[PDB]
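A look at the structure
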6 protein chains.
Amino acid sequence: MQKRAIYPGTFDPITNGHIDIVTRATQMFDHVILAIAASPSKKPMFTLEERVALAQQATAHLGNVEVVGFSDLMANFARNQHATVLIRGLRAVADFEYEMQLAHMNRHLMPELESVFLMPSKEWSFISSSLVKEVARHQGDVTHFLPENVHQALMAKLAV
Amino acid sequence: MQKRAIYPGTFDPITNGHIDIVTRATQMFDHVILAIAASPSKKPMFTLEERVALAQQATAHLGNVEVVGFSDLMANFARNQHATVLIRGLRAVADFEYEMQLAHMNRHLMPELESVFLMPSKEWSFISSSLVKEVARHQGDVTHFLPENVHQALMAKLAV
Amino acid sequence: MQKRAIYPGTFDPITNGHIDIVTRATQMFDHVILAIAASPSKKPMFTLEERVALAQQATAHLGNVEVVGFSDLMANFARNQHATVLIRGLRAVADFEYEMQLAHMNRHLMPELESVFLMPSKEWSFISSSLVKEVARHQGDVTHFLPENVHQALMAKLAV
Amino acid sequence: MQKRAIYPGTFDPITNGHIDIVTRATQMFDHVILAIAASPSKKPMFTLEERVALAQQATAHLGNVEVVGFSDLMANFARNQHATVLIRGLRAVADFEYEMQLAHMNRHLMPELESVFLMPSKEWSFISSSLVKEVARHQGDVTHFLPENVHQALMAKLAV
Amino acid sequence: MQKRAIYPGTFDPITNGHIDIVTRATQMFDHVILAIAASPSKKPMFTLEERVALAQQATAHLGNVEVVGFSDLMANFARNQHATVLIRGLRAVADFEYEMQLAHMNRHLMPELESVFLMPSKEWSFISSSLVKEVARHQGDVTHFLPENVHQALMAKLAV
Amino acid sequence: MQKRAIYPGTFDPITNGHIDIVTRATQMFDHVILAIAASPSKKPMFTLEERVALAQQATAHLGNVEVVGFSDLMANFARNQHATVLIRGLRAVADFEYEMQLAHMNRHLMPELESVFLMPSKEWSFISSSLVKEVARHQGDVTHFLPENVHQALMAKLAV
Ligand SMILES: COc1ccc(Oc2cccc([C@@H](C)Nc3nc4n(n3)C(=O)CC(C)=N4)c2)cc1
Ligand SMILES: COc1ccc(Oc2cccc([C@@H](C)Nc3nc4n(n3)C(=O)CC(C)=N4)c2)cc1
Ligand SMILES: COc1ccc(Oc2cccc([C@@H](C)Nc3nc4n(n3)C(=O)CC(C)=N4)c2)cc1
Ligand SMILES: COc1ccc(Oc2cccc([C@@H](C)Nc3nc4n(n3)C(=O)CC(C)=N4)c2)cc1
Ligand SMILES: COc1ccc(Oc2cccc([C@@H](C)Nc3nc4n(n3)C(=O)CC(C)=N4)c2)cc1
Ligand SMILES: COc1ccc(Oc2cccc([C@@H](C)Nc3nc4n(n3)C(=O)CC(C)=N4)c2)cc1
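This brings us to the relation of the copies chain A and chain D. Expressed as a screw operation, the relation of chain A to chain D combines 0.1 Å of axial shift with a rotation of 179°, fitting to an RMSD of 0.9 Å. With respect to symmetry, the two chain copies, as superposed, fit the operation of a two-fold axis. Across chain A, the smallest distance between a C-alpha and the rotation axis is recorded for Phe117 of chain A, namely 2.4 Å. Comparing interface residues between copies, 100% of those in chain A also sit at the interface in chain D, which points to an isologous, same-surface contact.

Here it is, written out as structure tokens:
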């Protein structure tokens, strides 16, 4: 069906939970666009360029992933990427309720973009980019939760 | 029973979800005070005066609605408006849990002010003022979710 | 106003949580119909005649409560009773989810019947007729959760 | 791709919510197996032969749907059918919790079967086969929630 | 300290999730009573004598565990056993809601019994005795979720 | 078992809900460290020194409580305090979901630190330090929710 899926988010930084979801998406769809939202208003730890480079390196082993950045309305960027599948990761109820609101909003903005929720391994079901950054800024060991390239970049960013 | 109900919130800006709730309240109670909290600390998109004017225009077709602004403790403002009914809208679990805490707190502050939860149409069960503003600031079409006067005011506010 | 409200359920048996909710309803509506479903509850410990007599005695002090048995679809009975307000009690998240489904269904069946959710005192926010029956059947003290007449009828029921 | 997806359940009876989910699945996968469990549902109102015939007629317009009965563990049937995608529908939080448990269990049983959660239209986000049956058995109108053939079979079933 | 803790349930059958919770309890309290309810579970697959023998063998390596059958209200048995700590396991939101209701009820029945909630490993955070039984009865592999003796008894039970 | 428990948080300011939890912990464990996180990035109302002094005065009647401040990773501070028990308070689902993520993270950081959740009285099940501060800054009466010393300090802080 030459299916194109988009997996959007801030990925600040991309975690093993995100790698898990994008890997599951590549096994299901022909082409996956991992889309990184700039979102400067949220004051990200890494620049958009840094996040794109980290995600490209962390997904280099998957042949059907394309990493790109965007500052647009996500649904407009998905239409412009010719995506018909919108990948979401399902971890907690609080995330699920907010994802339900976003999916109904995205369906009003682009009805042909089908929201699909994938479930990560139990190993990453309790992690987030925010939680990993919080632990790391207090010098806690987060090597288990991030791709090697990302872990070294996070340590460097926090070292000033 | 000459019942007076208060429907408080930031209404920044008032949405079709809020119009739905206030319409249901006017069919049940003799007089409904739609109470707009100034809350400058939360940095609202619209000034309190702008929110009051938008809500007055959006509820002008309902004869038993009175739009007012407040900066007081909500329960003190409700007592001062002679309200005995406190209208809340019920959409998601995250909102419900926080509304439960506020209702127990409001009952300690003013036990005769009865919290009543009304449920909006399925059409507005996944929207919020925050979500509409987020979509609009990324140029997404939010005409369906707001009264006409509000939609034009929101576009003007974002146009700088 | 001259609002007619209906508060339906199995009330098997009526608890202090139900008395709390029906009391709050009588403070805001002119007439409250406490509607007892003829259908068996998940138990069903008390017969309809027992449930009606217990509810009548336990609400006798409330001048604007009418206790009535019904066997139809609740909305069909609410319609024939000219009720325009449907009282529901909200204790927790599990309650909320199921009550939201029922409220959207009741609105489809009878749109002129408005669902209103009231919150009981913290005192009764963790009880149900089911829990009370399980504890009492297993020789636990439930005196605090019931009107005196219900406590007497429950002891009589468990003795035989 | 040539992806084979399975959408299992009791479908007792198949509703407009199930038609919505199976339609979305046919738009993203080459072949969709709508798998009907031989096991009784919490009711079980319609026999397996009735459930299959109703689902076949209600999905006849979808060229890539195959309606099939099964009695094994769902994952055992998905495995023998060479399905690599497992379609689930997500309506609310109560659904989510139980579906998460089942998805982790299905991944343990058949890791090559990827669980995918789709969201139905807001129109069907508050219905289930169970709720439809309870309303219809109690003389309530459920026409809007069902395909025409199912509505006809349900009236015939309740008449006898 | 000399704290006596009680960990009650049907344990039909005892799983690796229950072993995980009882092990954590033995690491913090001097004596742990693993209390098996004589009452049938939603199934009830194993008889009380089978449930006790299985739990005894599966906890034999833990020196401070005492496996005991009971038929009374749990709090009545905890009281007579001089337990001051009541062990509960928390896996998900559905568990949490019901456990909160039970904990407030147990505190009313026996205030000197303190409810303590422990979290199992992520490995067992999505299993229950009910789910294990449904999968095994339908010819699914549940070996990973059970102690070896329980796995052997379950195969023997399903064979006849 | 000479058990040492740590009860960490921002306690900005310590409430009657926190006093309830720490009192339950002192009845179960030999020594309880009430650990106050500095967290200057969150812009606390009270300085770390003020929070420590308020908590010491509010827990002076409990002989086995030690109040200390920390700016470290919480798990490292717990190891350095020789704690093997981590006290958490369980009020709402939103808190529970976040507490589940923190407990799995804390278990990866310090597996021998056992997270234990205690449930406060129904009286404090709907309060938080944030909610009390919000009500107080709008001049609402919060005397019921705080120890006397804390209430007077909060009034003084808000009086400028
Ligand atoms: C499931 O819905 C998603 C998923 C990921 C998304 O990625 C991000 C993350 C941060 C910032 C942005 C910015 C650049 N654009 C954007 N587009 C939106 N935004 N924000 C909303 O707030 C709501 C909405 C429906 N569409 C996008 C956006 C929406
Ligand atoms: C259901 O309870 C509600 C509903 C709507 C409300 O409206 C707002 C919105 C934003 C700001 C304010 C300010 C001006 N006054 C206020 N009064 C409060 N506030 N804040 C709380 O934070 C908590 C509380 C119990 N009472 C009021 C307040 C409370
Ligand atoms: C908030 O909705 C309510 C509230 C209380 C109710 O009372 C009961 C309790 C038990 C049994 C019945 C029987 C006699 N009639 C009935 N009417 C229904 N029923 N069952 C459903 O299952 C679903 C539905 C939407 N309407 C009514 C019914 C519906
Ligand atoms: C998302 O998991 C699903 C989805 C739909 C399913 O369909 C049904 C419905 C009713 C009855 C059955 C019977 C025939 N087989 C079955 N297979 C199971 N069963 N029961 C469980 O209880 C748990 C489990 C993980 N697998 C299947 C089964 C599992
Ligand atoms: C956390 O509360 C618990 C935990 C485990 C328990 O174990 C079981 C399991 C199944 C059956 C029973 C029977 C024998 N006694 C019992 N005691 C109860 N029961 N049932 C209730 O239904 C509610 C309640 C508060 N106390 C006990 C009981 C209560
Ligand atoms: C149940 O887990 C808890 C409970 C209370 C805590 O106390 C606080 C409160 C605010 C600030 C801090 C700072 C000083 N240290 C810290 N340590 C952390 N932090 N932050 C996280 O964000 C996540 C995490 C797993 N460990 C600690 C921290 C974690």
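A few words on the pairing of strand β2 (residues 31-37) of chain C. All names here are of chain C. Among the seven residues in β2, six count as buried, and that is most of the element. Here strand β1 (residues 4-9) pairs with β2 via six bridges, running parallel. Residue pairing in the sheet places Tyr7 in a bridge with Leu34 of β2. You can see the chain leave β1, run along helix α1 (residues 16-28) and come back into β2, and the turn it takes is right-handed. As paired strands, β2 and strand β3 (residues 65-70) are joined by six bridges and run parallel to one another. Paired with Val32 across the strands is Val65, a residue of β3. On the question of chirality, the crossover connecting β2 to the parallel β3 by way of helix α2 (residues 48-59) is right-handed.

Spatial strand order, β3(E)-β2(E)-β1(E)-β4(E)-β5(E)-β5(F)-β4(F)-β1(F)-β2(F)-β3(F): ten strands in an open sheet with mixed pairing. Of all the strands in the sheet, the pair left with one neighbour each is β3 (65-70) of chain E together with β3 (65-70) of chain F. Ignoring which end each strand starts from, the neighbouring axes of this sheet average 30° apart. Running over the sheet, helix α4 (residues 93-109) of chain E touches β4 (85-89) and β5 (114-118) of chain E and is turned about 160° from β5 of chain E.

Attention now goes to the interface of chain A and chain D. At the interface, 28 residues of chain A touch 30 residues of chain D. Interface of chain A and chain D: buried area, both sides summed, is about 2,500 Å²; carbon and sulfur atoms make up 66% of it. The three residues of chain A that bury the most area against chain D are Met1, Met28 and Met119 of chain A, which together make up 29% of that side's buried surface. Summed over the shared surface of chain A and chain D, the result is two salt bridges. For the salt bridge of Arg24 of chain A with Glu114 of chain D, the shortest nitrogen-to-oxygen distance reads 3.2 Å. Where chain A meets chain D, there are nine residue pairs in polar contact. Elements with a minimum of two residues in the side of chain A that touches chain D: α1 (16-28), α4 (93-109) and β5 (114-118) of chain A. Among the residues forming the side of chain A that touches chain D, the class breakdown is 15 nonpolar, five polar and eight charged.

All right, on to the site of ligand 1 then. Contacts to ligand 1 come from 17 residues, most closely from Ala37, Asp72, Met74, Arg88 and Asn106 of chain A. Surrounding ligand 1 is a set of residues that belongs to chains A and B. For ligand 1, a nitrogen atom lies 3.0 Å from a polar atom in the backbone of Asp72 of chain A. A distance of 2.9 Å separates a nitrogen atom of ligand 1 from a polar atom in the backbone of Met74 of chain A. Across the complex, the protein chains shield 91% of the 560 Å² of accessible surface that ligand 1 would expose by itself. Elements represented by at least two residues in the shell around ligand 1 include exactly α4 of chain A together with α5 (129-137) of chain B.

On to the site of ligand 2. Neighbouring residues of ligand 2: 17 residues in total, closest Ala37, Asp72, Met74, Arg88 and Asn106 of chain B. Chain contributions to the surroundings of ligand 2 come from chains B and F. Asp72 of chain B has a polar backbone atom sitting 3.0 Å from a nitrogen atom of ligand 2. A distance of 2.9 Å separates a nitrogen atom of ligand 2 from a polar atom in the backbone of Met74 of chain B. Bound to the protein, ligand 2 loses 90% of the 570 Å² it would expose on its own. Elements with a minimum of two residues in the shell around ligand 2: α4 (93-109) of chain B together with α5 (129-137) of chain F. At four residues, α4 of chain B tops the list of elements feeding residues into the shell around ligand 2. Its residues assigned to classes, the shell around ligand 2 comprises eight nonpolar, five polar and four charged.

Right, let's get into the arrangement of the chains. Structurally, chain A and chain C remain out of contact, their C-alpha atoms never closer than 12 Å. Contact between chain D and chain F is absent, and the minimum C-alpha spacing across the pair is 12 Å.

This part covers the pairing of strand β1 (residues 4-9) of chain B. Where β1 of chain B and strand β4 (residues 85-89) of chain B come together, two bridges link them in parallel fashion. Each bridged residue has a counterpart across the sheet, and for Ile6 of chain B the counterpart in β4 of chain B is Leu86 of chain B.

Conventions and cut-offs
Residues numbered from 1 in each chain as written, not as in the entry; some residues may be left out. Chains lettered and ligands numbered in written order. Heavy atoms only, no water. Residues with missing side-chain atoms left out of burial classes, pairs and counts. Least-squares fit on C-alpha atoms. Contact = heavy atoms within 4.5 Å. Buried < 20%, exposed > 50% of the residue type's maximum accessible area, 1.4 Å probe, protein only. Helix = DSSP H or I, 4+ residues; strand = E, 2+ residues; numbered from the N terminus. Pairing = 2+ DSSP bridges. Right-handed = clockwise from strand over helix to strand, strands pointing away. Axes fitted to C-alpha atoms, helices over the stretch in contact; angles between N-to-C directions. Buried area = accessible area lost by both parts, 1.4 Å probe. Salt bridge = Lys/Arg side-chain N within 4 Å of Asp/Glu carboxyl O. Polar contact = N/O pair within 3.5 Å; in protein donor to acceptor, adjacent residues only side chain to side chain. Nonpolar A, V, L, I, M, F, W, Y, C, P; charged D, E, K, R; others polar. Near = heavy atom within 4 Å. Areas by Shrake-Rupley, 256 points an atom, 1.4 Å probe, with all protein chains shown as cover.

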